[PDB]
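> For now just these chains, pulled out of the complex without moving them:
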Amino acid sequence: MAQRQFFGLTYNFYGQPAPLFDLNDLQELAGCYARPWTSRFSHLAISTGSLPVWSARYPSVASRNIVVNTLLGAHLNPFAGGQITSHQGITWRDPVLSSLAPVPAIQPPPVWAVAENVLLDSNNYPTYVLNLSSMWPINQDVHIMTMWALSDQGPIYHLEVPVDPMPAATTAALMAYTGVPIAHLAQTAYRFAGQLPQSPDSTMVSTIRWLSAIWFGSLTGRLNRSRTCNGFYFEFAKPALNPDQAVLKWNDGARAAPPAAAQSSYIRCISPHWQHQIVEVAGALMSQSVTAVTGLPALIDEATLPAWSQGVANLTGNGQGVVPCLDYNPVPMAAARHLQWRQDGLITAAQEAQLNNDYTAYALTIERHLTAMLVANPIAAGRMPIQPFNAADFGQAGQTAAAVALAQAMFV
């Protein structure tokens, strides 16, 4: 459980002298908030895609995701520093990291450690490791950070399908949640996992992992009304505009072909649109929780990775689990899914496939233009409350169809 070298990776800056935010933005953060724990962040995220994700400070959910990380990244360098630093805005409310404090009065001596792009090992800091219990909830948060920050893309999400020994208890419970969107399940899960210093009790753990698969499987095409995980799939509600909300649905059609034993993938999203896709994001947050429990195959090998995030400690390698990451552009996948569906003869392409591809084309456009227009500001001012990214990044490529095919074969 206490995975000793709990080393976590802080984000790089987009050819910036400073970490990604300006002083005002960080003020906003620290100050208008208090706790270093994701409650506040989740509050925003949870509101079932109703509220516009846009604000003056915070362009998207994912935006906030990024400034959450950078916040972390900067302010940790303080207390996680070699001999303890902390000033300029943040001087930690107690050594045990209780709250984001504006500089305690007679406390200058712990400097503001000017770091560059640097991973840190939580357990190498004596304060941190003393407080192993309280460390646990924040490590979760940490992972979230690291696993966006590792790359320059949409989140590196992990998948797991342990085949065969499947707890009967899991089944039973999970059925009761039928009707709800992935989002709220996730929320409860994270809350639990934090609330109790994390357990070896695989219950929780297994459950999240199964869920993740079923979602992903659904989203691909592999999983649907007629091809289920025993009854399990995720139903994409409202077939018009692109908001097609994945609810957990239990319908008995077929029980899909039990894979060979243990199937693992990781997905990333190459396209900035990820930002407005709460679905995608919520799997990634799921896979983080998973991490806390489990020592996942040493992270997505440096082959698809920017130079600053090569050669990292015990994270990227070359000859390990999951050497390449499975990569997608969200709008091509929807097409992929319709493909399968049609190949199976579930449905006529005629009107179904045409219509939704029409709407997602629209949704792309809207998103693309908004993300670009918003990025313009940070791409001219000293402030960055957003993912950094070029227009060529939107490209319909990035191994999109391979991902899909791999996900599928996984299900065999």
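Received, thanks. Numbering: from 1, shown residues only, chains lettered A, B, ... in the order given.
> Scan chain A for its longest helix.
helix A:349-376 (DSSP state H).
> From the contact counts, what lies against that helix?
Under the contact criterion of 3 or more C-beta pairs under 8 Å, 6 or more residues apart in numbering; DSSP states H and E, helix A:349-376 touches helix A:330-343. C-beta: built from backbone N, CA, C; applies to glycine.
> how much does the helix it packs on deviate in direction from helix A:349-376?
Counting by axes from the mean of the first three to the mean of the last three C-alpha atoms, to 10 degrees, helix A:330-343 points 170 degrees away from the direction of helix A:349-376.
> Okay, buried residues for helix A:330-343 please.
A:330-342 (16 or more other C-beta atoms under 10 Å).
> Can you mark which positions in the following helix or strand past the longest helix of chain A are buried?
Downstream of helix A:349-376, the next assigned helix or strand under DSSP states H and E is helix A:400-410. For helix A:400-410, the neighbour count (16+ other C-beta under 10 Å) marks A:400, A:401, A:403, A:404, A:406, A:407, A:408, A:410 as buried.
> where's the closest residue to the third one other than its chain neighbours relative to residue A:256, distance?
Spatial nearest neighbour of residue A:403, excluding adjacent residues (C-beta to C-beta, 6 or more residues apart in numbering): residue A:326 at 4.1 Å. When distance is defined by C-beta to C-beta, to the nearest Å, residue A:326 is 20 Å away from residue A:256.
> Between those two, tell me which one has more neighbours.
Neighbour comparison, residue A:326 and residue A:256: the larger count goes to residue A:326, with 23 against 19 (by other C-beta atoms under 10 Å).
> Could you report the distance from residue A:184 to residue A:113?
39 Å.
> Include this sequence as chain B:
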Amino acid sequence: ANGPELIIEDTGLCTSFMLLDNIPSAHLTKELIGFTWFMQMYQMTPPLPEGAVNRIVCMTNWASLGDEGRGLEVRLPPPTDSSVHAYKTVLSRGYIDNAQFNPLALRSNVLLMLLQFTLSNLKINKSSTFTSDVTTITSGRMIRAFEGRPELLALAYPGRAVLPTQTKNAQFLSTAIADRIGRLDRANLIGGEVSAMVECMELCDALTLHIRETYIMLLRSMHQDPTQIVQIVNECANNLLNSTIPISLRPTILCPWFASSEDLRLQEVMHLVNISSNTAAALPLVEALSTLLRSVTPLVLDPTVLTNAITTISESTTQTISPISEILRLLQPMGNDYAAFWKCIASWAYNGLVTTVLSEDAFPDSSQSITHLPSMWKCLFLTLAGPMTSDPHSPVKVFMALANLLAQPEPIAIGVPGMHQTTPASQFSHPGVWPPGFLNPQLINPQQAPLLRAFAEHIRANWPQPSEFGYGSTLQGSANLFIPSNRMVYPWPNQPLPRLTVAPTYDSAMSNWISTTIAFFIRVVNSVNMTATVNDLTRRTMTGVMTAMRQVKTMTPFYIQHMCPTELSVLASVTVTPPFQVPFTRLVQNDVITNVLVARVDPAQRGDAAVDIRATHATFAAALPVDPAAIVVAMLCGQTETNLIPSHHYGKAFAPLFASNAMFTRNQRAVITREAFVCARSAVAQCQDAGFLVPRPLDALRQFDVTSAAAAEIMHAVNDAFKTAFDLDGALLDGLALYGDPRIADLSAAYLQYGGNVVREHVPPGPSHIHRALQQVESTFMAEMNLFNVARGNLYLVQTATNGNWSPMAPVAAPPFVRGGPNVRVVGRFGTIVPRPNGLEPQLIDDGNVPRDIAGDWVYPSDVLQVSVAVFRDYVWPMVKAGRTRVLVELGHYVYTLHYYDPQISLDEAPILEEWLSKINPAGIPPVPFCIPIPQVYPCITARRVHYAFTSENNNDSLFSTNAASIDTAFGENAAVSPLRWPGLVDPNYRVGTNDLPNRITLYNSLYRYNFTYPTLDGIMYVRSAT
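One more piece, chain B, placed on the ones above:
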């Protein structure tokens, strides 16, 4: 029992703003018709407000068609009428005059209003029923069939309406996307069950929606599934007790009971703080727990048993010495007394604050030497008792008891004159007072004081150790402050209990200590020095006793070691007060507790922990004098039942206890506690400078120099607001207010150990849906103010004698309203005037000394006006009224009371404004008079229109429509409805959930309404009574 009111339900409509007509038109005109009139004409009732002047106004829950009343609603009147009273409520104590309000008090008062807007909107939007509207009027549309009042439908669904006229309103409606009326999708898949939710396009308020959305997300977070509930109980039960795990699909189960430790913790402290200063307050609680314990235990205290045992010894009547009778008589033969003994056990769980101390009753009364055998017995009582007390200092007293008796046979190494030979044991209740002798036994002359040495050596060696045990559940943790999660400490050692039958197991810690003590006294009796002095016969008997007493069959020690651990577990989960423990030492001087502490406040950055806290802050440890004799009785005569099977016994016994669902309800309280804390802070940080990052929006809203006193006022009202809202009698926050200054809640959970060891524990507060909503309201307010009748800018008072409709409400503010203005001169100076010297006109002192006629451009700060009203009215007014001194009234933001008048006639504002002017007080202002001519729908003539007041900012936003049910608006022309208000309905482009904040409040969008049952915790699961 005051349970929280979490579940508040709305049906009907999710809207705290009203679309309102302010003036319909009665036959207008003769040579035409009132196009407006057509309403009744076709017998239908329009869904939209169709007359001449129509506005929107803030009315909380106005369209609530629920049987549920929360009764904290924010009701505002049309800007037409004076809403003065809403904004003077909080602090206008000193300013009794009903017309006028105190400008400085404004940010505060608004801030509360907003707070309450939020709170009387914490509401589960619940699904009613749905109808398949297959008709002409509806496109097969799924309408909300409200069981009564058809009216509401119309209003909820504009789109339903047919088009008889080619009117302004018609025009709008006929340019908007019609299909989005009622229910697009219903959400259930479970076959033969009703829906989980409906997805309906409704007349719905985004801001209100948002509030309600959040609340739901908060509730959802706390909600727990059957399985997890099962866990919690099984764990708590420690398999002794048993519940029926159902294999059933999960029927949308609404039970928000689960709360984080965090909150329980802050409830606890709050509880602790409200225990004002007297030690006795702890006693009733601890008493009650002792009775509960007594009633639950499979135990028998039958002292009587004892007496028989001792009656076995036969001896010569010649001896005056009766050890037997002395004992009996001393013991207070009663069998009711058990309180002291129970208390001991109970007290082991609350050492951090509730203590049992060894008292000056059953204390060697005579002291003397070793004359009196009674006084011997006296020590034996103590030494037995002592280890049972939550007193860290007990071994010291245990020694010193005897050391007292030993005054004169041998001298001992005593301290200062303080710590004299004859100072009672009792006094030795401080780490600093731990005697040299005691601390080094090995020094004490072996040859000279053999017995006393022996006894101390016995103390050191055979003293009981602290052990540890579990309780609670994993999923949640524990509400353990100073102690690790799920773990409690026992001062005694914990020997595990198997699911077996009976045994008198002498192999206990306690047994050992009984024995050794008895053998110790035997040695005393037999020591050379004493033997020579005594009747030998007597010596015999003495020893006989002693030994018979040791041979006794006493269960109590076995029970201490075996059963008391779990006893306290079972208690701990359903106790009024969760276990509060602070590390129980043994006999270790360099680590002994002085106190436990609570910190409510911090003067800026004091970190003087131990140096200050010891002497400046609230030292929490209560002390309770417990009675030696009774303890020792119980200890000596402990029995259980003949056919004891613990497994069995415990099954039955514990069973009702865990039937009390009240435990879970505690949780819910604690979360609101937390929430209130947080909310308090952020609000007070908008009037007061705090140590705390907050958003600050209303900084333009001129407020007084807030004191501590004032902040305390504000806090209480906010605090009372919560209390009201969730229907709660018990004390919330209040505690903290009593301490003269509440403005700084900087909280610390602290303790002191004598050797400068403070564990001061700070609790940061997790996320807050309610705070966030408030702030949201706050930001939206910054733009949407005129909806609350609040207006923006400064006034300039100018003679405008005109023909045409210059709306006071919408000024195209290009006159020289500014400092860099041509002849736009400032005057904020006090009192100062130039009367008539040298033929000259009476002049004012400008800013910069220069005296200037009472004609011009005068800029005056409100307050300047205020302090010197009468003067202005006398000297400047003239020139307002009949000359030209354009007077600039720096007000910031303000409130306005509207007037509507007949455009076809000659009006002057002057009486109206005269009233205003004269009304102004150093301590208040009256609402702003904004008289306006009505928009008219026909070519009519011109009249003279004299207005004065024009504003820096457009305030016209609150005006919802003009004329509506009319063909052309001509004279007095205005604007129609705002399409931005219903983006989705208007315009097919908008998928009804786009980021509209803080720009515009949408009034028609997808409302989500839901179907959630509240099942009992005791109901969710089947029972197994067979325990």
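> Grab the most central residue of the chain for me.
No chain specified, so I'll use chain A. The centroid of chain A falls nearest to residue A:284 when counting by C-alpha atoms, centre = their mean (3.1 Å).
> that answer is for a different chain, and I need it for chain B
residue B:673 (2.0 Å).
> Which segments of chain A make up each domain?
A:2-328+A:382-412, A:329-381 (CATH domains of a matching chain).
> Figure out which of these is closest to chain B.
Taking C-beta to the nearest C-beta, domain A:2-328+A:382-412 is the member of these nearest to chain B, at 1.5 Å.
> Quick check: end-to-end length of that closest one?
34 Å (C-alpha to C-alpha, to the nearest Å).
> residue ranges for the helices of the stretch 201-350 of chain A, please.
Remark: helices assigned in the stretch 201-350 of chain A by DSSP state H, counting those that start in this stretch are A:202-220, A:278-293, A:330-343, A:349-376.
> May I see these organised as CSV, with distance to chain B added?
Below are the helices of the stretch 201-350 of chain A laid out as CSV (distance: least, C-beta to the nearest C-beta, whole Å):
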stretch, distance to chain B
helix A:202-220, 9
helix A:278-293, 12
helix A:330-343, 17
helix A:349-376, 9
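> of those helices, which approaches residue B:1009 most closely?
Residue B:1009 lies closest to helix A:278-293 among those, at 21.3 Å (C-beta to C-beta).
> so that closest one versus helix A:202-220, what angle?
Going by the same axes, to 10 degrees, helix A:278-293 makes 150 degrees with helix A:202-220.
> Against which helices or strands is helix A:278-293 packed?
helix A:61-79, helix A:132-149, strand A:157-158, helix A:182-195, helix A:202-220, strand A:266-269 (3 or more C-beta pairs under 8 Å, 6 or more residues apart in numbering or on different chains; DSSP states H and E).
> and then chain C:
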Amino acid sequence: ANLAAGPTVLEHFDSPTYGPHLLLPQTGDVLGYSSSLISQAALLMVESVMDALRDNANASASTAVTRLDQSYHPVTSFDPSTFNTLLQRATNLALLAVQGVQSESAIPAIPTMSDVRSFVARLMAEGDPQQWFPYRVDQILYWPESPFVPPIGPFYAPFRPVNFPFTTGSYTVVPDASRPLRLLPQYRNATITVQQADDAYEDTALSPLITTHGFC
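Chain C added:
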């Protein structure tokens, strides 16, 4: 986690009894040694550590010794960060003896009350090492003289190769010489000022003392 307390947990790294183990001392204060009031923890430490020191001196390359690392690793109770305690000082000793270090006069077979009390008194002085350690790992000399196997929990070296001399050599077992010794003062080029010389003499002198005259 189970063990919600901070009495000392002495987990073995070498060759564990009948499996991978710890020793957890009881909360008790041993007053056997004036004027120290210590728990068993410290006594474990120093014992084993002394055993090692002694073994180091005796160290043979081709003679199979029972356990290389004759030592235990603490976990709980490391609430101190600085060397203010015996328990803390004991950890340095432990770290350098495993690293391959040697005392001067080595400990007797079963160490005397006298010698332990001497050794402790000596220890509870001043002066600080170079190769510190993180409490998450055991750090066994980067200069590969140390025979460091692959142990369960210890990684290897101190993480930080700094700079300091070292060498290999066994100890000359020389008996207690019941005779006063002569000294040839061979000189080195660092030449103190007269006043300071004098001063320091004054500081360290056992003199005055009553001179046995003898014979003219």
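> before we move on, the earlier item: going by neighbour count, which residues in the longest helix of chain A are buried?
Of the residues in helix A:349-376, A:353, A:356-357, A:359-360, A:363-364, A:367-368, A:370-371, A:374-375 count as buried by neighbour count, 16 or more other C-beta atoms under 10 Å in any protein chain shown.
> just those now: which is nearest residue B:111?
Closest to residue B:111, out of all of these and judged by C-beta to C-beta, is residue A:374, at 32.1 Å.
> correct me, but the closest one touches residue A:58?
No: in this structure residue A:374 lies outside contact range of residue A:58 using C-beta atoms under 8 Å: 10.3 Å.
> now the helices for chain C?
C:40-57, C:86-98, C:113-123, C:194-204.
> who wins for proximity to chain A among those helices?
helix C:86-98 (13.4 Å).
> and the closest one, what other elements does it pack with?
Packed next to helix C:86-98, using 3+ C-beta pairs under 8 Å, 6+ apart, are helix C:40-57, strand C:72-74, helix C:113-123.
> relative to helix C:40-57, how tilted is the last one?
On the basis of the same axes, to 10 degrees, helix C:113-123 is oriented at 90 degrees to helix C:40-57.
> Which strands and helices lie in contact with helix C:113-123?
Helix C:113-123 packs on strand C:30-33, helix C:40-57, helix C:86-98, going by 3+ C-beta pairs under 8 Å, 6+ apart.
> again, but for the shortest one
Under the contact criterion of 3+ C-beta pairs under 8 Å, 6+ apart, strand C:72-74 touches strand C:10-12, helix C:40-57, helix C:86-98.
> Report the secondary structure state of the residue sitting furthest away from the middle of chain A.
No residue in chain A sits farther from the centre than residue A:106, which is 39.6 Å out by C-alpha atoms, centre = their mean. At residue A:106 the chain is in coil, as set by DSSP: H, G, I helix; E, B strand; the rest coil.
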